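Protein chains: 2
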Amino acid sequence: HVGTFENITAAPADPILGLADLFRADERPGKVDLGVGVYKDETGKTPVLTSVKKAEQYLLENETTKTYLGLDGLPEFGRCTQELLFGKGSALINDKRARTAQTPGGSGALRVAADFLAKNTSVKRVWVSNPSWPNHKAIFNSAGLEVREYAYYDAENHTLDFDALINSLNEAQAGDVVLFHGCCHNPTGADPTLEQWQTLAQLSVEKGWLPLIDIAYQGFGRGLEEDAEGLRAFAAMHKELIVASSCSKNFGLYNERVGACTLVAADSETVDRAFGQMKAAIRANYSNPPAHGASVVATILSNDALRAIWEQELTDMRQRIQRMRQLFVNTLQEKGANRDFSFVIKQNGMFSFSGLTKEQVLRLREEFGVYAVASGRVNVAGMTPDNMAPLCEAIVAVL
Amino acid sequence: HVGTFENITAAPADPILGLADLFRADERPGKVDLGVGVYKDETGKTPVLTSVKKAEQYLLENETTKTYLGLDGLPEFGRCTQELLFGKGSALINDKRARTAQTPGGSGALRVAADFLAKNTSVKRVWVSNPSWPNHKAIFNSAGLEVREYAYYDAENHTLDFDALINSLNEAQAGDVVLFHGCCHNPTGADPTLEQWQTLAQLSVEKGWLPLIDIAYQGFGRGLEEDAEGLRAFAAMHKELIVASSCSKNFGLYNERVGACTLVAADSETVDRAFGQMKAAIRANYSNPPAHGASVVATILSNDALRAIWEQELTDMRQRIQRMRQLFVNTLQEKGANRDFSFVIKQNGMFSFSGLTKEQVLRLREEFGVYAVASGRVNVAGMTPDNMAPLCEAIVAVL
Numbered sequence: 008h009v010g011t012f013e014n015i016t017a018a019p020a021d022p023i024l025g026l027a028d029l030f031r032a033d034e035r036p037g038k039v040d041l042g043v044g045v046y047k048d049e050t051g052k053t054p055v056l057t058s059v060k061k062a063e064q065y066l067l068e069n070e071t072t073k074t075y076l077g078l079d080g081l082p083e084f085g086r087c088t089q090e091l092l093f094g095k096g097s098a099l100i101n102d103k104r105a106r107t108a109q110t111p112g113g114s115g116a117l118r119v120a121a122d123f124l125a126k127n128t129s130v131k132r133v134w135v136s137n138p139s140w141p142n143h144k145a146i147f148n149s150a151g152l153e154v155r156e157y158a159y160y161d162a163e164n165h166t167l168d169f170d171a172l173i174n175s176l177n178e179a180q181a182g183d184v185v186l187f188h189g190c191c192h193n194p195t196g197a198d199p200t201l202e203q204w205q206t207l208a209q210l211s212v213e214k215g216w217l218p219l220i221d222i223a224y225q226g227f228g229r230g231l232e233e234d235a236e237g238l239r240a241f242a243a244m245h246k247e248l249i250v251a252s253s254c255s256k257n258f259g260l261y262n263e264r265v266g267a268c269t270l271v272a273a274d275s276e277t278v279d280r281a282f283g284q285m286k287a288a289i290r291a292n293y294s295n296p297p298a299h300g301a302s303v304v305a306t307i308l309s310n311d312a313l314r315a316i317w318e319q320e321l322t323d324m325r326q327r328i329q330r331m332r333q334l335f336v337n338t339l340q341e342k343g344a345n346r347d348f349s350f351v352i353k354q355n356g357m358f359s360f361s362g363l364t365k366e367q368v369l370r371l372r373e374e375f376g377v378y379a380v381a382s383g384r385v386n387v388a389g390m391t392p393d394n395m396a397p398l399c400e401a402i403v404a405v406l
Numbered sequence: 008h009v010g011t012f013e014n015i016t017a018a019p020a021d022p023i024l025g026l027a028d029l030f031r032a033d034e035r036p037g038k039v040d041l042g043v044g045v046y047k048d049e050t051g052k053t054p055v056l057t058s059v060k061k062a063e064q065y066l067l068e069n070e071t072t073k074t075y076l077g078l079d080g081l082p083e084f085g086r087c088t089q090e091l092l093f094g095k096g097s098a099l100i101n102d103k104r105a106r107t108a109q110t111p112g113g114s115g116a117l118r119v120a121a122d123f124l125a126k127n128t129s130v131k132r133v134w135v136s137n138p139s140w141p142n143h144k145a146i147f148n149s150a151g152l153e154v155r156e157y158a159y160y161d162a163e164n165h166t167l168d169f170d171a172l173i174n175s176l177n178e179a180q181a182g183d184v185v186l187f188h189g190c191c192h193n194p195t196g197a198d199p200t201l202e203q204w205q206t207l208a209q210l211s212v213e214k215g216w217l218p219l220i221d222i223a224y225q226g227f228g229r230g231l232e233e234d235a236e237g238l239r240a241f242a243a244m245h246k247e248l249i250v251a252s253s254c255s256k257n258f259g260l261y262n263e264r265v266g267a268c269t270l271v272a273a274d275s276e277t278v279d280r281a282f283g284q285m286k287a288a289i290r291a292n293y294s295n296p297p298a299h300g301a302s303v304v305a306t307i308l309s310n311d312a313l314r315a316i317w318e319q320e321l322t323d324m325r326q327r328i329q330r331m332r333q334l335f336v337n338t339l340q341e342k343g344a345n346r347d348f349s350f351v352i353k354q355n356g357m358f359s360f361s362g363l364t365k366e367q368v369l370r371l372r373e374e375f376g377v378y379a380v381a382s383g384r385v386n387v388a389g390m391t392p393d394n395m396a397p398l399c400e401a402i403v404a405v406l
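Protein chains in written order, with the deposited numbering: chain B, 8 to 406; chain A, 8 to 406.
Spelled out as structure tokens, the structure:
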């Protein structure tokens, strides 16, 4: 009998992993990795937040069981998540129109949403932005859902081409899902203004789309509340929506897999009915979600002092990112960049498209030891006041 | 337009939660919960193990980042898992034939295995015992795989009807997956002898089944090494295996979602191809597995002192369960039970089928506050020296 695994085709090499290997083997002292996918501080570290360490100590000292939680996880974490998303006192929460399942990361939430939609609704198609966050397609396709892209970023002029966006969405049908990044669009950093969000929300009601908001950077754009404005504009106008939220970045809890899938429906009866089926989707997957990270988040958010420490940590991250954005632009100008990069200070979060070609990206790595991903996406948190001049000189040299 | 969620039909109520609800509302003091699905100690608690607390303290002190690891999780956890499953000096390990992805519990492992099989192999069918763990069907069905049942337990006579088992498996085709519980069959507690495992292993090679060993109770039957005998009998004889392992029960890490999916193939290059695609299945699901529980397990197993503590704790759990089995039988006899329950003494792990009718189970609950599941499955870890007499008196009264 031939082996069941004998003829499996190798998965394509991960170009990201390959760059990471090359980088760690690179012995040049001047090397700089702008391709990284997580936050880094000024020293190049991705530390455990102090608020998280404190919460973990509290759990160490107080947890008396690790017995299974329900399929939807820790109720307190669900409540905290809904408040972050919709605001405390939200009419939506008061009307009991939202149900939240804690999931292993926003990634887990996206897959749970995908499986739930596939098994219980007529949704066939999910629309995502161009450029897309690479992982959306794999997740939705895995559940049997088609993924299509709508117009979003004007790469030549470095803008969110809103008119192109709206027009391209005319192709989306009632009952399709349209996925928007809540804030800090990954990878462009180009977000709708509030007016644009309101226009999108109205359009979604007129066209009958089911909005899915992927929000993994609440707090990295302009602030916690500001960053939720778009989501809330949608929540105000829609009877239904899905939110896949993450605490990986804003709590620095990446590997603990802390996020949630929130369902909103027209009324309590409907959302409860839907949620029962979402729980079934969870039962057929990983059964119940990992407690530690969600416990940490609930612990931080349900304590005034810890929460304040965390909010400052988040503000510090946001502001370092903004500083690097401004310093990048100014240093490019100082180094004689032959064109303007002001778009960088108009963009939110750790990622922007540099506008560099793949050839320029290659040249940057080979000649200058400056690493970016093929798309030209750079993580400004990979920049520091000490590495900024040489990396900008390098960029100017390849323009 | 409206409601994508409006036409969703209600999930059937799950009687488990229903029974938990009933139990919770039951204010009677004599309550005995034999329906629970986790280990409980003599005081009726599901504690965090001391070895685990020590490991968590060490992590708090030493961890400096929670940045994403690979989709396969923590390498050291993978290695320790493999060593537990296959033993020191395993030729299989020496030949580099195994790869392990840390997953969110054995449940996550089973789903990942299912998705990996569905997307990359010709497996159409997974065979499970009658009865088996209730979630197997949902998990495999979710991935598009049919689930079929093989004969296993003779409920009238309280035996693993091995001849019935073997014959029923003649229907399993080459390339089908056949799932066996590694030890402490859930829910019967009836395990194959080593000779029976060897017979199954040989049959499996002859018939070309892909064995999937679901092992969630290693150490609860006869001991760590003994409980792996079955798995190892399969490993000795097979070019390919999948193991879904869990640390939920033997480390008391239930809600941290610590388990693994281990692929074994004919050789290193083959298992690498398979493993790459398993990683893709993970990427389309929850992406990274949750670090905390796996870090705990790796910390314990890679330290001689901590490991020795953990093994003693595991022995204590195993031995308590065995003592309750013995005590249950002796107490029923002394209480004049109108029949023999001696089958309970030889069964392995925390579960047995009591043989009580649903009428008797209902009466047990309504009249005596003794809670079993409708199937008559009892969790003997729900028994204690203190509750044993009234428990057995209630049972005698309903016989």
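No residue lacks a Cβ here, since even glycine has one placed at the ideal position from N, Cα and C.
Chain B places no beta carbon closer than 9 Å to that of residue 316/A, leaving this residue out of the contacts. Residues are counted here when their Cβ sits less than 7 Å from a Cβ of chain A; for the segment 62 to 87 of chain B these are 63, 64, 67, 70, 71, 72, 73, 74, 75, 76, given in chain order. When secondary structure is reduced to three states using DSSP, residue 275/A falls in the helix class. Counting only the Cα atoms, residue 48/B lies some 17 Å from residue 355/B. By the rule that beta-carbons nearer than 9 Å mark a contact, residue 284/B touches chain A.
Within the segment 82 to 127 of chain B, the runs of alpha helix (DSSP H) at least 4 residues long that lie entirely inside it are, in chain order, 82 to 93, 98 to 101, 112 to 127. When rounded, the separation of the alpha-carbon atoms in residue 112/B and residue 61/A is 26 Å. Legend: CB atoms of the segment 10 to 44 of chain A lying less than 7 Å from CB atoms of chain B belong to residues 10, 11, 12, 13, 15, 17, 18. Partner residues in a beta bridge of residue 190/A, as assigned by DSSP, do not exist. A contact between stretches requires three or more CB pairs, one per stretch, nearer than 8 Å, and the segment 64 to 74 of chain B fails this requirement with the segment 22 to 42 of chain A. Nearest in C-alpha terms to residue 302/A, of all of 67/A, 46/A, 33/A, is 67/A.
In the three-state scheme derived from DSSP, where H, G and I count as helix and E and B as strand, residue 249/B is classed as strand. The Cβ atoms of residue 339/A and residue 403/A sit closer than 9 Å to each other. For residue 22/B, no beta strand (DSSP E) run applies; the uninterrupted alpha helix (DSSP H) run containing it begins and ends at 22 to 32, by DSSP. For the set 391/B, 365/B, 95/B, the Cα lying nearest the Cα of residue 332/B is the one of 391/B. Collapsing the DSSP output to three states places residue 167/B in a strand.
About 30 Å separates the beta carbon of residue 265/B from that of residue 39/B, a gap too long to meet the 8 Å contact definition. When the alpha-carbon of residue 308/A is set against those of 92/A, 243/A, 357/A, 250/A, the nearest one is in 92/A.
For chain A, the residues of the segment 291 to 302 of chain B that bring a beta carbon within less than 8 Å of one of its beta carbons are 291, 292, 293, 294, 295, 296, 297, 298, 299, 300, in chain order.
Under the Cβ distance rule, residue 107/B does not count among the residues neighbouring chain A, no pair being separated by less than 9 Å.
By the rule that beta-carbons nearer than 9 Å mark a contact, residue 129/B touches chain A. In the displayed model, residue 289/A falls within a helix according to three-state DSSP.
Closest in C-alpha terms to residue 9/B, from the list 406/A, 248/A, 297/A, 182/A, comes 182/A.
Between residue 253/B and residue 222/B, the C-beta spacing is below 9 Å. In the three-state reduction of the DSSP assignment, residue 75/B falls in the coil class, being assigned neither a helical nor a strand state. Shown here, residue 311/A sits in a helix according to DSSP, grouped into three states. Distance from the CA atom of residue 173/A to the CA atom of residue 101/A, rounded to whole angstroms, is 32 Å. Relative to the Cα of residue 17/B, the nearest Cα in the group 159/A, 382/A, 279/A belongs to 279/A. Against chain A, a Cβ distance below 8 Å from residue 246/B picks out 9, 10. Within the segment 197 to 222 of chain B, 215, 217 place their CB atoms closer than 7 Å to a CB of chain A, listed in sequence order. 220/A is the residue among 213/A, 220/A, 298/A, 80/A whose C-alpha sits nearest the C-alpha of residue 193/A. By the Cβ criterion, the segment 109 to 129 of chain B is not in contact with the segment 155 to 167 of chain B, since fewer than three pairs of Cβ atoms, one from each stretch, lie closer than 8 Å. Taking every protein chain shown into account, the CB of residue 69/A has fewer than 16 other CB atoms within 10 angstroms, so this residue is exposed. Inclusion of residue 81/B and residue 312/B in the CB contact set at 9 Å is not warranted, their separation being larger than that value.
The Cβ-Cβ distance between residue 134/B and residue 212/B does not fall below 9 Å. For residue 255/B, the nearest beta carbon of chain A is closer than 9 Å to its own beta carbon.
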